[PDB]
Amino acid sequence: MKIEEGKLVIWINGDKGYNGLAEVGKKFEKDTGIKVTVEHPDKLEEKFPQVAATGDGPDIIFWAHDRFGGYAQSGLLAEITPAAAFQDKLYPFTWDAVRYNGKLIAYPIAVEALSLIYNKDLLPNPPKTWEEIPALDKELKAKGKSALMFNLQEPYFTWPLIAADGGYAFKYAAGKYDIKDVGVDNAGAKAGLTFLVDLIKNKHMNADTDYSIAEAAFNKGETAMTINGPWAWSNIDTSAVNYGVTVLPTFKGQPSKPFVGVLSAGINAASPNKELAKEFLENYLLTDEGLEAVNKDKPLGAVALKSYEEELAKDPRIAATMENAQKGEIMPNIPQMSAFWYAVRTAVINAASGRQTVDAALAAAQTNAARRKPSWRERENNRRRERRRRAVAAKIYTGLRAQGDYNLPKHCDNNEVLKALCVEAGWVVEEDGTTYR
């Protein structure tokens, strides 16, 4: 898709309140005539850097702030320049999450953190430590239930356990993140992931469990605990499960440290609708009535708008979310974040399946998370170099074929030409190419 003047197309993840955001777009259209289409395509955070490099893509893209710095480095986002009065409507730290190289690159919407979700009926007293989960599962298995199921395919859900005992992504020193200092391979990281793998080896968890599998098992009352964000609450509300949201369990006496995301909206740098997107975001979405329509669909978490967050903060589920977010850290937005997430995703999946041990999976993840992505020109230098190496050799064999009179067969590879050249220079070449004078 290409965006056109006069219409607004929005991308937002399929687990967010896209139907509520479409209501906000319908009110926008009612007051300005600008149609607003909300879409939730799969892997949007991956498709956007591909399509936006040539002017394609949506007008607005919704994602956690950790992806936007990579978008900004590639020149895909329009600089966000809201009035000082509007910046004051949002919490400063939410603005910090969308500041890259001194510039605001997106509008912050909501603060998201994973928490522990548990079935009050099956488990009135949720556990406080990770270590007492294997025993808890033994009790529930005798009843036909399981202790805990959560998404093992995305390292977002596993990172709180990895980070508890000291595992970290990029070290922050003296005002900046050091991208060569990755801490996914330390003792704290190995201890957390080994406990995860140990849960699978002892049949307390399934390596293939994914989002929908874990969501269904909890919402059907088959498992007593899940780990998820505020977006998942509305599906449990409609189910018959009476649930609570509380602090994540400790590991080795240390709190789980979830990576905190700030759902943000960036404007495509190629959109002839920048003013309309700025108007819709500032005056329609980032208002009480606008965030309410989205929040009633799928809860947003702790919204960046002060006026509406003073209402939402009364929800004890939001207070638990903040409790977990205080125990965690706001994610970096640096372009390296995507390479960090891929490497950890592979490390968690490979160790949970048994394809790799914990030590080997994390050692390679540390190398990958710090691997410098080669520039386009570097790739091009290599391609041209090998193209030139072949062209020189091709010319040589072209000259030997046309001028050697080498008593060649009708069809032969250039190796047979090279062999003929060797005997002419006084060499002996055997069949496997062994050569001597």
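Numbering starts at 1 and runs along the sequence shown.
307-315 and 323-331 differ in mean CA B-factor, and the higher of the two is recorded for 307-315. Higher mean CA temperature factor, per the PDB entry, when comparing 213-221 with 137-145: 137-145.
Comparing the C-alpha B-factors of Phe62, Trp376, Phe68, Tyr406 in the entry, the top value falls on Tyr406. Note on the listed residues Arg99, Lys176, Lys257, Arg345: the highest Cα temperature factor in the record is that of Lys176. In the PDB entry, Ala420 places in the highest third of its chain by CA B-factor. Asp42: CA B factor in the middle third of modelled residues in this chain (values from the PDB entry). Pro58: CA B factor in the lowest third of modelled residues in this chain (values from the PDB entry). Sort the chain's modelled residues by C-alpha temperature factor and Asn382 lands in the lowest third, per the entry. Per-chain ranking of the deposited C-alpha B factor places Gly20 in the middle third.
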